[PDB]
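Undergrad: Just passing along the structure, written as structure tokens.
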Amino acid sequence: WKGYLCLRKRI
Amino acid sequence: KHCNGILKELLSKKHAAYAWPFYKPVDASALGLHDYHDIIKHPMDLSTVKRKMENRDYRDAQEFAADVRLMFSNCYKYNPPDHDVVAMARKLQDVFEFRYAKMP
Amino acid sequence: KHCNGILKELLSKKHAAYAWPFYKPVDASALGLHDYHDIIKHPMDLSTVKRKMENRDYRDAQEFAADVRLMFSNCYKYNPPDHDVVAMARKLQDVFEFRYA
């Protein structure tokens with residue numbers, strides 16, 4: 001919900 | 001039992017580089033993916049498999065493998081084939097299908 | 001005690017719209033936060049500041065202010081610059097930095 005890794009989960 | 005060792009391997013730090021998209025249920029609100037629950041009818045992650053292992057929810061090893069692949073299948077169904085999570089899903093599934101095949 | 005008023009103000013309802021990401025320690029067990037402790041080596045939140053004040057850990061106002069800024073520093077370091085939480089940290093830090101000033 002707020003990290004740099006979790007941007008990879010975005011389409 | 002032998003599935004519990006498989007579950008430790010998928011949750012092990014060795015594969016944490018590509019297994020992290022599945023550590024927790026998909027938060028469709030935080031990732032900008034509101035249509036996720038319109039497309040995915042049966043979500044699955046490793047924290048859910050782990051909870052169903054400690055509670056003994058799997059009758060045999062096949063039910064275990066069914067939930068793990070569903071977690072990969074949802075990624076193949078929802079994400080585009082060139083998406084980063086699909087590359088991480090292929091690699092983590094490759095790890096799973098090996099440890100699951102070489103059981104007694 | 002000049003710091004206790006600063007702590008209650010940041011924890012009051014007046015700033016609850018943007019102060020809620022800092023009420024509790026960052027839960028690194030969330031979906032994509034498994035790397036927080038690999039990147040941030042000194043976590044900090046407001047529940048620890050209150051617990052370090054009730055246990056009376058801060059000697060002077062320079063020890064209190066050091067922890068508060070580290071909590072904002074971790075937010076700027078870990079999160080992308082265009083994320084809402086850094087904007088929430090920027091908004092809340094202005095409230096802190098000028099009660100301490």
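A note on labels: chains of the structure tokens are A, B, ... as shown, every chain counts residues from 1, and ligands are counted from 1 in their shown order.
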Please check the contacts: residues of chain B at most 9 Å away from chain C, using only C-alpha atoms, listed as a ChimeraX atom specification.
TA: /B:20-27
Undergrad: Restrict the distance test to only C-alpha atoms, flag each residue of chain B within 8 Å of chain A, and return the flagged residues as a PyMOL selection string.
TA: chain B and resi 21+30-33+79+83-85
Undergrad: For the residues selected in the previous step, produce a file with C-alpha atoms as a PDB file, in the first residue's frame.
TA:
ATOM      1  CA  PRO B  21       3.523 -10.967  -4.160  1.00  0.00           C
ATOM      2  CA  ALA B  30      -4.472  -0.368  -2.142  1.00  0.00           C
ATOM      3  CA  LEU B  31      -3.058  -1.432  -5.529  1.00  0.00           C
ATOM      4  CA  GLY B  32      -5.579   0.269  -7.815  1.00  0.00           C
ATOM      5  CA  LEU B  33      -7.228  -2.952  -8.994  1.00  0.00           C
ATOM      6  CA  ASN B  79      -2.254 -10.092 -14.924  1.00  0.00           C
ATOM      7  CA  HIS B  83       3.669  -8.572 -16.113  1.00  0.00           C
ATOM      8  CA  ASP B  84       6.359  -8.715 -13.437  1.00  0.00           C
ATOM      9  CA  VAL B  85       4.176 -10.757 -11.069  1.00  0.00           C
TER      10      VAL B  85
END
Undergrad: Which is closer to residue 19 in chain C than all the others in C:5, C:100, C:81, C:47, using only C-alpha atoms?
TA: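 Nearest candidate to residue 19 in chain C out of C:5, C:100, C:81, C:47: C:47.
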Undergrad: Would you list the contacts of range 11-18 of chain C as a ChimeraX atom specification, taking every protein, DNA or RNA residue within 12 Å and counting only C-alpha atoms, but skipping same-chain residues closer than 6 positions in sequence?
TA: /C:4-5,24,45-47,49-50,84-96
Undergrad: List the neighbours of residue 41 in chain B out to 12 Å using only C-alpha atoms; skip same-chain residues closer than 3 positions along the sequence, and give me the result as an MDAnalysis selection string.
TA: chainID B and resid 35:38 44 70:71 73:74 77:78
